Amino acid sequence: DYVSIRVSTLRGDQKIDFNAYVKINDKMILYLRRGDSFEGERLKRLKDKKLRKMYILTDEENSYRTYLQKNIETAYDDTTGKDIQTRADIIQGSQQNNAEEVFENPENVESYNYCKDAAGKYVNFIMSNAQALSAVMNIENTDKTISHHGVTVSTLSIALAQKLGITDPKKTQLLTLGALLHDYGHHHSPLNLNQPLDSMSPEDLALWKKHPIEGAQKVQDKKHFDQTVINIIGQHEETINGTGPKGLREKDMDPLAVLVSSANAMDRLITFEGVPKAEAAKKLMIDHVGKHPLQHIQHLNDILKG
Ligand SMILES: [Fe+3]
Ligand SMILES: [Fe+3]
């Protein structure tokens, strides 16, 4: 009667040719109407509302499928001259949707490969459009979700890799994919991530510490998962001086996971701990002493101010 869709796929200026419903007290409540769009301030209709899944009429699923495919085809097209924020709105949401699909169906080879291919397209988008990174970084994680945070971390990771001279396309694709999926271990956790680690209850901190271990264990023997991705999921909370959950030091880590660890630490401060982005580098240095390579912190600070 109804089928679910991910809210991350409702983006940009294309007019929807379907209704969409929000579930309230187990009923499907009409919220978006045929003809609606979501460019610019219109996106506010989908923000700050903890919207993850919405629903469409099964009879309109074909309209929705074509809507989504047109959005992504148009947004990745570098020849359109289309507004960069609208392209970023669509692409950021598509990346988030791809991650959510993998988190919900980690056994699905097709979904993983789709996410992987799209991570490559994302690298190209960021690399080939001067203002793409800045546009994506304009898209605030209002609901503090792990999928949105994955996209942000992947974005910081791509730029950091560029600043470090990591050029290998295979490596950048795996870096991006690993960053996208890095917090798989938090999927369906009761933990409220939107609080500072250092002031979490002992119970919450203990729960938090489990996530990279549990996440990696679940996917490590799945053949379709790339080893680098498994490494990033499992090692991204490790710090170079051995203070993270597994106690790894830099020499023990996948180098790409060290990058993601740095990029993650920054967004956790900015998005989950309410730290102003200009102060985030200092905070890592004086509150996360020796946890991440200074060159990463310096580069990330530079990326954040443009
Ligand atoms: Fe994490
Ligand atoms: Fe994270």
# chains A, B, ... in the order shown; residues from 1 in each chain; ligands from 1
>>> residues_near_ligand(ligand="ligand 2", cutoff="8 Å", atoms="only C-alpha atoms and all ligand atoms", output="PyMOL selection string")
chain A and resi 146+149-150+153+182-183+236-237+264-265+267-268
>>> residues_around(residues="residue 227 (chain A)", least_positions_apart="5", cutoff="10 Å", atoms="only C-alpha atoms", output="ChimeraX atom specification")
/A:174,178,219-222,232-233,254
>>> residues_near_ligand(ligand="ligand 1", cutoff="12 Å", atoms="only C-alpha atoms and all ligand atoms", output="PyMOL selection string")
chain A and resi 145-147+149-150+153+178-187+191+193+197+207-216+232-239+244-245+257+260-268+272
>>> atom_distance(atom1="CA of residue 53 (chain A)", atom2="CA of residue 70 (chain A)")
20.5 Å
>>> closest_residue(among="A:49, A:15, A:87, A:144", to="residue 34 (chain A)", atoms="only C-alpha atoms")
A:15
>>> atom_distance(atom1="CA of residue 88 (chain A)", atom2="CA of residue 132 (chain A)")
6.5 Å
>>> closest_residue(among="A:9, A:152, A:176, A:231", to="residue 90 (chain A)", atoms="only C-alpha atoms")
A:9
>>> closest_residue(among="A:96, A:129, A:168, A:189", to="residue 81 (chain A)", atoms="only C-alpha atoms")
A:129
